[PDB]
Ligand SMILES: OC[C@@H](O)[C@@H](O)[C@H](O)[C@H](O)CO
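There is one chain below, alone, in structure tokens, taken in the form deposited without the named molecule.
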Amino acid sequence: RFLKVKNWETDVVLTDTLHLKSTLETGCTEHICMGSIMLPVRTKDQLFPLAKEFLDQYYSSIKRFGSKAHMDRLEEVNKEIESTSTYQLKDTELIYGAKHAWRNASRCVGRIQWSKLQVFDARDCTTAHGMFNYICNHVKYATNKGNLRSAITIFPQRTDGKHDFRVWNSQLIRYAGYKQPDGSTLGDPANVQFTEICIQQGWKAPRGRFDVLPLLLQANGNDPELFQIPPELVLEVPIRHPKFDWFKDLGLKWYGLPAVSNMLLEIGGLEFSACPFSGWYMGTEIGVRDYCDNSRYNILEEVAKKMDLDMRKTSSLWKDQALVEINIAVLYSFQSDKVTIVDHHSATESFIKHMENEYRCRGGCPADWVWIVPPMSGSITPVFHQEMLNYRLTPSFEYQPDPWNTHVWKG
């Protein structure tokens, strides 16, 4: 079966055959579309087919399908599964797998870069202090003094589900949030619960508006331990505006390295529950979502006030005006400090070229429109006008429950 997608701006039609290789479910049926829903211990039984599927994919990628080397590796993995009930990936397969999980990540607009990912193998790690050291190294390598380099660090895979490696932080670098007794929040409201955990674990909080959170790291199913990332390793950018000189007096800054640390990487049926990965920011992530969501720093009012916009009626589009100015400031600030950032026009234009390339060479590109379209100026970006098909390919990044909801405390 072939499926066609059309761009309604250009009339370019593309044909998808890659969706035939999709195995996992979407959440949708013939009777309900769940496309806007945010979120819609294995036996040998299920493990060998998943491993075989993966190694067939790997050996095809390297022009070695059906080779002696291919056959010997299936045999070796099969015996390892029946003998030990799991298996170990070769380094080459781990690299291939991690790059493909990114290539397959349908919510990711940055995937033109997928083949340039630095994979750090941390599968020899055994303790939280060991995890801390690997994570400092990733941050320093990825940051590269502002010339950001995409990277992933991969800790040991799940075994019995009782010995999991987890990074409890949702990102390696994030700011603390504090709920005040009057009901207001200081800092980032998204991180209040996590910040309360850290404090309970013994972090002494500076209690300001941009406190970089400590790492909370669980090795081998043990209780997590706290570590402060060396401040000299945390690159930050003070936010100012090219024309408005009062903008700096808002006291805003943000960190340069966006590093997702709470997802699960699945490769060939193996589950890597700690696999922090990092790229670089698209400006709207900070300027639209982190600053202007009502449930985040919520700075629209204060900015619009300073601009003396007409705030008595929404139809003045005061929020829209302030929104654009904030986003100019974020891009200006990062570019001026020589910290890698991409604007939403450049990023979406690149994605469309990536997507067309993938259709030609791969037969498809799964993509989640809801996530790919930027949270401001949607229809003046080419992706708004592009029909996409969303389906799930493995290797993949997957959500997993927050570890505080499932952890068995040792004491």
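Each residue number is its position in the shown sequence, starting from 1.
Quick note: we don't show the form deposited with the named molecule bound, though the next part is all about it.
Colleague: Heavy atoms within 4.5 Å of the named molecule in the deposited complex: which stretch in 75-83, 166-174, 88-96, 222-230 meets that?
Modeller: Of the options given, it is 166-174.
Colleague: Residue-level contact is defined here as any heavy atom of the residue lying within 4.5 Å of the named molecule in the deposited complex; does residue 262 satisfy this criterion?
Modeller: Yes, residue 262 is a contact residue.
Colleague: In the deposited complex, does residue 192 come within 4.5 Å of the named molecule, counting heavy atoms only?
Modeller: Judged by the heavy-atom cut-off of 4.5 Å, residue 192 is in contact with the named molecule in the deposited complex.
Colleague: With the cut-off set at 4.5 Å between non-hydrogen atoms, does residue 404 touch the named molecule in the deposited complex?
Modeller: Yes, residue 404 lies within 4.5 Å of the named molecule in the deposited complex.
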